[PDB]
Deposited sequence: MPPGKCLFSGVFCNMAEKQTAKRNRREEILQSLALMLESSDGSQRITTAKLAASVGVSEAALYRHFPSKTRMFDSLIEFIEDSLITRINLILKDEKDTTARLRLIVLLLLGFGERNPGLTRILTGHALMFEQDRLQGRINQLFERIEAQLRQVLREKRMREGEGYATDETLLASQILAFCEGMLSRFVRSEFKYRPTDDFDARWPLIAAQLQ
């Protein structure tokens, strides 16, 4: 439980810089034990993407209750995606292609997209909404985020996702009209 996300953290770190025997050891436990959590290396890579996705949602559910204004929530969620990709180069090169189990990656994206989609919806919900389809908008914002994460990896990490974010945000805000 608290130990599974422990095998997943150790996994993300190993990717960063597998071997189920070294990983099991990493977390004071044995292969037999580790395999009782993740019987296949395929299942834990899935759980790893899922772990990222859940962790990412947990960070977003925090924004949605600190900030009530839609533009502010957006600003932070986008900053979370950028910042996450920047802090986790290894994981971000997997979500960006440069590394199947891609249905699970794509699920993670459709997922972050639906959280964006509703933050944009909860705007008309109390303003009975945007002049643009929130589906078109959510996907327009995610495309940027996804494009910034895809540079970074490309430029051999010369371009950091959160560089000049204060100069960029305005460009995105101009799309929320």
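Participant: Where along the deposited sequence are residues missing from the model?
Facilitator: Gaps vs deposited seq, in order: 1-22, 40-45, 128-133, 163.
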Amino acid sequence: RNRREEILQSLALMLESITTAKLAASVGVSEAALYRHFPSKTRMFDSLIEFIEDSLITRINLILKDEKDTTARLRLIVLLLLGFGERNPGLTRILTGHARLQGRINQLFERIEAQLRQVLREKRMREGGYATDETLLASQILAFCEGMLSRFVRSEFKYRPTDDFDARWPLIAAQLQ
From here on, numbers count along this sequence of modelled residues.
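Participant: Could you settle it for me: does 131-139 or 22-30 have the higher average Cα B factor in the PDB entry?
Facilitator: Mean B over CA atoms: larger for 131-139.
Participant: Averaging CA B factors per stretch from the PDB record, which one is higher: 168-176 or 2-10?
Facilitator: Per the PDB entry, the higher value belongs to 2-10.
Participant: Specify which of 109, 152, 45, 144 carries the largest Cα B factor in the deposited PDB entry.
Facilitator: Largest recorded C-alpha B-factor: 45.
Participant: Among 91, 72, 99, 78, single out the one with the highest C-alpha B factor in the record, please.
Facilitator: Max CA B-factor in the entry, restricted to 91, 72, 99, 78: 99.
Participant: What third of its chain, lowest, middle or highest, does the C-alpha temperature factor of residue 120 fall into?
Facilitator: CA B-factor rank for residue 120: highest third.
Participant: Once the chain's modelled residues are ordered by C-alpha B factor and cut into thirds, is residue 57 in the lowest, middle or highest one?
Facilitator: Lowest third.
Participant: Should residue 63 be placed in the lowest, middle or highest third of its chain by the C-alpha B factor in the entry?
Facilitator: Within its chain, residue 63 is a middle-third residue by C-alpha B-factor, going by the deposited values.
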